[PDB]
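Structural overview
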Amino acid sequence: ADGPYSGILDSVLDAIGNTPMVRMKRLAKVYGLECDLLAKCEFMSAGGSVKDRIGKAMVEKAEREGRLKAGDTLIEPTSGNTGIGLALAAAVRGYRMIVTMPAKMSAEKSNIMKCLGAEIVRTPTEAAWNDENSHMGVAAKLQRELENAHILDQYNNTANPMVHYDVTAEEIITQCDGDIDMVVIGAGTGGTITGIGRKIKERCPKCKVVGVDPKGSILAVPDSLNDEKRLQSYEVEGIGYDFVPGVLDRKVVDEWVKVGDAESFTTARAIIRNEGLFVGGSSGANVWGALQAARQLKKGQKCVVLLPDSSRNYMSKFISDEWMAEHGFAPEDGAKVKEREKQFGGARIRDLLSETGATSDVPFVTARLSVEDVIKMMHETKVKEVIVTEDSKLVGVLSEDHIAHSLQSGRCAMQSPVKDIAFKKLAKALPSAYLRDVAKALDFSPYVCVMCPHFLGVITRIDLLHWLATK
Amino acid sequence: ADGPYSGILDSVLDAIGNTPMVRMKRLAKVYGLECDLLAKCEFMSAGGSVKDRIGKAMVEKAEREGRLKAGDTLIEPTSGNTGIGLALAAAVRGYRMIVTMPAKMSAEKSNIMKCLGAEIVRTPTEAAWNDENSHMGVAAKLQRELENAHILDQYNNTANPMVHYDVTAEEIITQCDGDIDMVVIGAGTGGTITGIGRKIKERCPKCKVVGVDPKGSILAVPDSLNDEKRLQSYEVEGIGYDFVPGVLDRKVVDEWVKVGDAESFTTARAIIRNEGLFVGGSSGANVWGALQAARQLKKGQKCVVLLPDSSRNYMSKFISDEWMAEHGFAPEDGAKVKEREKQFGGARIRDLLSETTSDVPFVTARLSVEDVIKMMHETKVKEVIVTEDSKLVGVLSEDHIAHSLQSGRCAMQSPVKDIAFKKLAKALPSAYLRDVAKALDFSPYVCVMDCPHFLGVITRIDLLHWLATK
Ligand SMILES: C=C(NCc1c(COP(=O)(O)O)cnc(C)c1O)C(=O)O
Ligand SMILES: C=C(NCc1c(COP(=O)(O)O)cnc(C)c1O)C(=O)O
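Per the deposited record, the coordinates in this entry were obtained by X-ray crystallography to a resolution of 3.5000 Å.

Listed below in structure tokens is the structure:
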């Protein structure tokens, strides 16, 4: 039905939470999982992260105790998502936002907090928590040097775990009908794991709670698990710290699973590909930890995994195959990159141009001919396409179909220069280039053309498909 | 309460729709609007767009008529969001996806449909709909040349408007309790406007329905409104075409509002800044059209605006201030860029360095940490700059030295490069302070240079303390 959203909401803050639990049957069937892998889609909140909750939560507490008045400044050390949630709360309730975040975090989080009118101070990646150059220490300095400022300090604020204990875990309980056998959850500030594990073990003591910690952090128990990569920088954002936060109750968690960058990102892309959840990398870490932890579970048993972040914050980072190839991360089991590598391989456009049959007789023009002059060439030379080129060096492609249709449409005058109706989006290639690169380039450009300034022809996706039909 | 999500969902397709309606009181107060500007947050669907619905919808129809079997290929010309929704449906129900979209559309849509295992063929921007190089014609060719392929053709499929008539408009009706006075909605394929306007006028005939069409399209009535910029390419994605789609019933819409790129993008950023809805550019166009159309309305009256897309698809495009400055679009009334322009102005780091002291020491980036602590203790400085031979390495603080030596990351005989801060931004004295602030948005330190004589380092606290002196 429609219970929580059946009316109109006063602000975006009322749209935080109430995320849907989805059964990842496709991903489990891919990875060979007997139990039901339930996913709590926290990335479907208004701000696209679970931390929205605590943000709102902390503000509410700060307002229910009168500790916060309009016009004040809010300061918060964050990996980016708590900053986004608090920035939403401030843009709604009229507070000023100053976010202190490490340079390791993505640029999308910074851009979104900038759109929310928040000042952004960045701290070095390799800094320890004791440092004055840590995000927490810089936030403390901003408190000390600025008036009417407040640090809500999600690492020690009781609201962070208390609201995960109050609403989120109760949501999971109501959605799983109490039958929860394993809960796999990443460990950042540790508030979400603490609260969820407590409420679930209180209303279902038989549930195992598994914490996910990146290879590089010291949050796992025992230290025999953290010493694979001690204090090694990692790319996954949100989970793991160089100290145990005040809100993290490591006694409430049963197991610990160590997950590296490669597994986290490949599993995040597998989540996107197999389920269709536009989710973050920390979520890939959590899901890989869950695939390791719930392996011994049987069918009927339900393992709840949080998907904290949305792909929005890492849209340039790991959704782009460019970045994960540069960082040497396995793309995916089934991906477009691997499909192109298998189908095309090392075949080059020399091979396609020779197998198809062409003698580089692609007529050029100086890109400022009148359309009547060029139609004489189109109709008399028996060619359909032409390539327009300037002096200062490529302009584009032109088809007689577009000529006729734009002349009828009122965009192509008979005395107009040919540059006005040519296709201006192109991708330059050269015969030694592989078909995998032209396949990647066709994802962004309609045509791929090759190149004394002697271009040999144009290649589109139908050409590659018809080549694949010959193989 | 908890009605729709109180259980577990079988697939992502079950999380489509059921978006919340939020009152944009902040944005209305900013623009001076008396009536209640309600926003249907369609970007909060699972796929982050309203088109998710029709995608799912069409598949269901294609499956309820037995027209679709597992392993088949689905082909669809789209501006990107219907492609995303259909790719979600295909990755869930086991169909192959081929999307045909113009090159003008953002790269985020392409990357996301790639993550969903969809083949992507791009078409030229300047092509007309009649062209074989149009997205629709290319999709038709892919149908003709590929076996087991289907085109659901959201421009003519009845599911596209029928489901907006069935669920979305009924959602709006149940959320507004029938009291809807104006409905402002963008016109792309026209399915959403057709369906929503029909269902709302059926359950509330007094409601005015306003269509939003970008300057460049021919969907507005009459053509006295389209002739400002006829067939001019525009940056807003999703709305407007060079022909009236089959599902668009232009008789069901009352008014038409022309919205350009600049207004659309500046109002989308205003939506993000004032309300906090991470929304798309087409939504900025729709909200600007609504601000123009519902101006004569009074308080109590409710004007419903759709926010079709999320910022996700335009994350590099218009959330980045770089691209809207490069495309000459007004940033916002109140923005961080304008705030830095007012606070800093044309002040350069020459002015700050002179108001505030010269040539903090350097090291060759391979000193032992014991040698560098001896240098710091003898030189009484706190920070140092590490530099290589082939040309900058970073900054180093004695605090990090002590804490990493105690933390087990800094060996007494280790090279100083291992503990230095490797993220830096290079500047030079003629640079302005607003630009160093923009660089400080992405780098912790901003250091200056001309010989390699490094005049010093500047952080955000330095700019704040300078602003305290001014
Ligand atoms: C530490 C922060 N986020 C925690 C986080 C986590 C861990 O959630 P915790 O509430 O810190 O336990 C997982 N995934 C992502 C993307 C996260 O951002 C922050 O936003 O400052
Ligand atoms: C035409 C497509 N989108 C329509 C659209 C619209 C218009 O919605 P229609 O249902 O097509 O009328 C508004 N905003 C955005 C971001 C859109 O993508 C498409 O995804 O192929």
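Structure shown, so let's carry the discussion forward.
Of regular secondary structure, chain A possesses 16 helices and 17 strands. Expressed along its principal axes, the backbone C-alpha trace of chain A runs to roughly 85 × 55 × 50 Å.

Counting its secondary structure elements, chain B contains 16 helices and 17 strands. Overall size of chain B, expressed as C-alpha extent along the three principal axes, is 85 × 55 × 50 Å.

Here we take up the sheet that holds strand 11 (residues 302-306) of chain A. Taken in spatial order, the seven strands of this open sheet run 10(A)-9(A)-8(A)-11(A)-3(A)-2(A)-1(B), and their pairing is mixed. Only two strands of the sheet have a single partner each, and these edge strands are strand 10 (255-259) of chain A together with strand 1 (8-9) of chain B. Here strand 3 (residues 36-40) of chain A runs beside strand 11 of chain A; their pairing, made up of five bridges, is parallel. Directly across from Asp36 of chain A, in strand 11 of chain A, lies its bridge partner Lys302 of chain A. Across the face of the sheet, helix 6 (residues 159-176) of chain A comes into contact with strand 2 (21-23), strand 3 and strand 11 of chain A together with strand 1 of chain B while running at roughly 140° to strand 3 of chain A.

It is worth spelling out the pairing of strand 10 of chain A at this point. All names here are of chain A. Of all five residues in strand 10, four are buried; the element is thus mostly enclosed. Two strands pair when backbone bridges link them, and strand 9 (residues 208-214) and strand 10 are joined in this way by five bridges, in the parallel orientation. Paired with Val210 across the strands is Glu255, a residue of strand 10.

On to the site of ligand 1, then. All names here are of chain A. Taken together, 21 residues form the shell around ligand 1, and within it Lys51, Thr78, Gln154, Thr189 and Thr192 come nearest. Between ligand 1 and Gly188, the relevant distance is 3.4 Å, taken from an oxygen atom to a main-chain nitrogen or oxygen of the residue. The separation between an oxygen atom of ligand 1 and a polar main-chain atom of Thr189 is 2.4 Å. Against a free-state accessible area of 480 Å², the protein chains account for coverage of 99% of ligand 1.

Another aspect to go through is the packing of aromatic side chains. What characterises a pair of aromatic rings is the spacing of the ring centres plus the angle enclosed by the ring planes. A full pass over the atoms with the stated rule returns 20 aromatic pairs over all chains. When the ring of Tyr155 of chain B is compared with that of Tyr241 of chain B, the centres are 5.1 Å apart and the planes differ by 80°; the resulting orientation is edge-to-face. One end of the pair, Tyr155 of chain B, is in the loop between strand 7 (149-151) and helix 6 (159-176); the other, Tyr241 of chain B, is in the loop between strand 9 (208-214) and strand 10 (255-259), with 86 residues separating them in the sequence. Of the residues examined, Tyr241 of chain B reaches a relative accessible area of 11% and is grouped as buried. Residues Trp323 of chain B and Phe329 of chain B carry aromatic rings whose centres are separated by 5.9 Å and whose planes lie at 55° to one another, so their mutual orientation is tilted. Accessibility expressed as a relative area gives 13% for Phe329 of chain B, which makes it buried. An aromatic cluster is defined as three or more aromatic residues linked by ring pairs; in this entry it consists of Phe265, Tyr314, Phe318, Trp323 and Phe329 of chain A. One cation-aromatic arrangement involves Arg436 of chain A over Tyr434 of chain A; the distance from NZ or CZ to the ring centre is 4.4 Å.

Quick look at helix 3 (residues 81-93) of chain B now. If you check helix 3 of chain B, its first and last C-alpha atoms are 18 Å apart, about what 13 residues at 1.5 Å a residue would give, namely 18 Å. Positive backbone phi, at 75°, marks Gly94 of chain B, one or two positions downstream of helix 3 of chain B.

This next bit is on the interface of chain A and chain B. Listed as interface residues are 93 residues of chain A and, on the opposing side, 92 residues of chain B. Residues that form the side of chain A that touches chain B fall into these classes: 44 nonpolar, 22 polar and 27 charged. Alignment of strand 2 of chain A against strand 1 of chain B, held across two bridges, turns out to be parallel. Bridge assignment links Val22 of chain A to a residue of strand 1 of chain B, and that residue is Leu9 of chain B.

Now for the pairing of strand 9 of chain A. Residue and element names in this part refer to chain A. With respect to burial, strand 9 is a largely interior element, six of its seven residues being buried. Here five bridges tie strand 8 (residues 182-186) to strand 9, and the two strands are oriented parallel to one another. The residue bridging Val183 from the neighbouring strand is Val209, located in strand 9. In this fold, the crossover linking strand 8 to strand 9 by way of helix 7 (residues 191-203) has right-handed handedness.

The subject of this paragraph is the nonpolar core. Counting residues in each nonpolar core, the largest one holds 162 residues, and the members touching the most others are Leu277 and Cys303 of chain A together with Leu277 of chain B. With sequence-adjacent residues up to four places away left out, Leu277 of chain A is seen in contact with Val22, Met24, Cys41, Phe43, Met44, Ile271, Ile272 and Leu307 of chain A together with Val12 of chain B.

Before going further, it helps to spend a moment on the sheet that holds strand 3 (residues 36-40) of chain B. Strand order in the open sheet formed by seven strands is 1(A)-2(B)-3(B)-11(B)-8(B)-9(B)-10(B), and the pairing between neighbours is mixed. A single partner strand is all that each edge strand has here, and the edge strands are strand 1 (8-9) of chain A together with strand 10 of chain B. Across five bridges, the pairing between strand 9 of chain B and strand 10 of chain B is parallel. Looking across to strand 10 of chain B, one finds that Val212 of chain B is bridged to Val257 of chain B. Along the sheet, helix 9 (residues 281-293) of chain B contacts strand 3, strand 8 (182-186), strand 9, strand 10 and strand 11 (302-306) of chain B; its crossing angle with strand 10 of chain B, the most-contacted strand, is approximately 125°.

All names here are of chain B. The full set close to ligand 2 counts 21 residues, and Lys51, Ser79, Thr82, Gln154 and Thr189 are the nearest of them. The backbone of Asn81 places a nitrogen or oxygen atom 3.1 Å from an oxygen atom of ligand 2. The separation between an oxygen atom of ligand 2 and a polar main-chain atom of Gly188 is 3.1 Å. Here ligand 2 has 480 Å² of accessible area as a free molecule, and 100% of this is covered by the chains. Grouping the amino acids of the shell around ligand 2 by side-chain chemistry returns four nonpolar, 14 polar and three charged.

Put simply, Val221 of chain A and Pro222 of chain A share a cis peptide bond, and its omega is 0°. For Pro222 of chain A, the location among the structural elements is in the loop between strand 9 and strand 10. Of the consecutive residues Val221 of chain B and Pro222 of chain B, the connecting peptide bond is found in the cis state with omega at 0°. Tracing the backbone through its elements, the reader meets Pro222 of chain B in the loop between strand 9 and strand 10. The phi torsion at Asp153 of chain A lies on the positive side, around 60°, for a residue other than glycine.

Moving on to helix 7 of chain A. Residues and elements named next belong to chain A. Given a rise of 1.5 Å per residue, 13 residues ought to cover 18 Å, and the 18 Å separating the end C-alpha atoms of helix 7 matches this to within 8%. Of all the positions in helix 7, only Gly191, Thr192, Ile193, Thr194, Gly195, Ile196, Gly197, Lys199 and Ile200 are classed as buried. Those residues of helix 7 hidden inside the fold are in contact with helix 2 (51-64), helix 6, strand 8, strand 9 and strand 11.

All names here are of chain B. Their axes nearest at 7 Å, the elements helix 8 (residues 261-274) and helix 9 cross at an angle of 95°. The orientation of helix 8 with respect to helix 9, classified from their angle, is roughly perpendicular. Mapping the contact onto sequence places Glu263, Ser264, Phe265, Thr267, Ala268 and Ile271 in helix 8 and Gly281, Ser283, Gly284, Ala285, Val287 and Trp288 in helix 9. Residue composition of the contact of helix 8 with helix 9, grouped by class: six nonpolar, five polar and one charged.

Residue and element names in this part refer to chain B. Scanning all chains against the criterion turns up 64 salt bridges over all chains. Between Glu275 and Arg26 there is a salt bridge; the shortest N-O distance is 2.6 Å. Within this pair, whereas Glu275 is found in the loop between helix 8 and helix 9, its partner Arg26 is found in helix 1 (residues 25-31), the two being separated by 249 residues in sequence. Here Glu275 falls in the buried class, since its relative accessible area comes to 0%. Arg230 serves as the salt-bridge partner of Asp223, at 3.5 Å between the closest nitrogen and oxygen.

A relative accessible area of 14% places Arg26 of chain B in the buried class. Separated by 130 residues in sequence, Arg26 of chain B and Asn156 of chain B have C-alpha atoms that sit 38 Å apart. When neighbours within four sequence positions are excluded, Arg26 of chain B is seen to be in contact with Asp10, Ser11, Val12, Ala91 and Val92 of chain A together with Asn274 and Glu275 of chain B. A distance of 3.2 Å separates a polar side-chain atom of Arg26 of chain B from the backbone oxygen of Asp10 of chain A. Separated by 2.6 Å, the side chains of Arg26 of chain B and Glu275 of chain B make a polar contact.

All names here are of chain A. Along the chain, the position of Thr460 falls in the loop between strand 17 (458-459) and helix 16 (461-470). Here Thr460 falls in the buried class, since its relative accessible area comes to 15%. Aside from chain neighbours lying at most four places away, what touches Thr460 is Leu442, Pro446 and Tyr447.

Cut-offs and rules
Residues numbered from 1 in each chain as written, not as in the entry; some residues may be left out. Chains lettered and ligands numbered in written order. Heavy atoms only, no water. Residues with missing side-chain atoms left out of burial classes, pairs and counts. Helix = DSSP H or I, 4+ residues; strand = E, 2+ residues; numbered from the N terminus. Pairing = 2+ DSSP bridges. Contact = heavy atoms within 4.5 Å. Axes fitted to C-alpha atoms, helices over the stretch in contact; angles between N-to-C directions. Buried < 20%, exposed > 50% of the residue type's maximum accessible area, 1.4 Å probe, protein only. Near = heavy atom within 4 Å. Polar contact = N/O pair within 3.5 Å; in protein donor to acceptor, adjacent residues only side chain to side chain. Areas by Shrake-Rupley, 256 points an atom, 1.4 Å probe, with all protein chains shown as cover. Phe/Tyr/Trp six-rings, centres within 6.5 Å; stacked < 30°, edge-to-face > 60°. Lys NZ or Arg CZ within 6 Å of the ring centre and 35° of its normal. Expected span 1.5 Å × (residues − 1). Nonpolar A, V, L, I, M, F, W, Y, C, P; charged D, E, K, R; others polar. Right-handed = clockwise from strand over helix to strand, strands pointing away. Core = buried A, V, L, I, M, F, W, Y, C linked by side-chain atoms within 4.5 Å. Parallel < 35°, antiparallel > 145°, perpendicular 65-115°, else oblique. Salt bridge = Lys/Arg side-chain N within 4 Å of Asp/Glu carboxyl O.

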